[PDB]
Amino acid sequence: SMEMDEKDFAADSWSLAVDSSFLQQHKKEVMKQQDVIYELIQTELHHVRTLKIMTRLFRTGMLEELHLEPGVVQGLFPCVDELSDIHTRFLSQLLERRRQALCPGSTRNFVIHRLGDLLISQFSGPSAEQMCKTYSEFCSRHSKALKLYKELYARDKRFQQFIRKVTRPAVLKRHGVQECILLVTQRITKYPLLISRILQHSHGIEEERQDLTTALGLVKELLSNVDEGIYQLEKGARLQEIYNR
């Protein structure tokens, strides 16, 4: 993450991020809605950061320092560039909605009233098709990635030294290779929880309650399709094992 965005999302809530004199100007219901939208954006910023650790720290570090066999880095980090493209674009839209809402003279005071339309756009059309295709592929390669990592860490000296070196800093404590893979797999199932709680506090404008209701339904359709398109790939599994599934 870049310093500007980390600082904007450093507080535990929207109510602690904005000036106390700005917070006083809003009703309780608006503060509750804004705290949940802030959590959605803050966790999206962290998710994009997880993908940058996977692409820039791990993947690129292995290509530029180690002599792994061709197709090993791709097996460890399946679809990481496609995942990074989807979520960096989504994060850009979320952060631009916050930026447009800022009060003149402020870099922290804002209220986001129209999140629903952004969520409908992300979870429909070509972008939803690409999310479904990318997560169906990633989650089906999840077990194979973990197994490939375990084998390399246990048998390759230079690979083990590389992992221990880049994961040594305290800021990488929750972000080892397998932890990153599970953080990404679990991201998609966090969206309905966040959207439903934003919806619970968005009844004040009927068009906004309707847009978020449509977005929640689209997110659930996407999750059902991804879940139905998963079959764990296994290195060395024979065709007979596959067609006798």
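Basically, rigid core = biggest C-alpha set you can superpose within 1.5 Å across the two forms. Heads up: residue numbers just count along the shown sequence, starting at 1.
Would you say which of 141-149 and 70-78 moves more relative to the shown form in 9 other deposited structures of this protein, going by RMS C-alpha distance with the core superposed? Of 141-149 and 70-78, the stretch deviating more in 9 other deposited structures of this protein is 70-78.
Would you determine, from the values in the PDB entry, which of 67-75 and 156-164 has the greater average C-alpha temperature factor? Stretch with the higher mean C-alpha B-factor: 67-75.
According to the deposited model, is the average Cα temperature factor higher in 2-10 or in 235-243? Here the higher of the two C-alpha B-factor means belongs to 235-243.
Residue of maximum C-alpha B factor among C139, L94, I86, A128, per deposited coordinates: The record points to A128.
What's the residue among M54, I41, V48, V30 with the greatest CA temperature factor in the PDB record? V30 has the highest C-alpha B-factor of those listed.
Sorting by Cα B-factor within the chain, modelled residues only, which third would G61 end up in: lowest, middle or highest? Its C-alpha B-factor belongs to the highest third of this chain's values.
Comparing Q178 with the other modelled residues of its chain, is its CA B-factor in the lowest, middle or highest third? Lowest third - that is where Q178 ends up once the chain's C-alpha B-factors are sorted.
Going by the recorded CA B-factors, say which third of the chain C132 sits in, lowest, middle or highest. Answer is middle: the recorded C-alpha B-factor places it there.
Quick check for you: using the entry's CA B-factors within this chain, is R197 in the lowest, middle or highest third? Lowest third.
Split the chain's modelled residues into thirds by Cα B-factor; is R114 in the lowest, middle or highest one? Its C-alpha B-factor belongs to the middle third of this chain's values.
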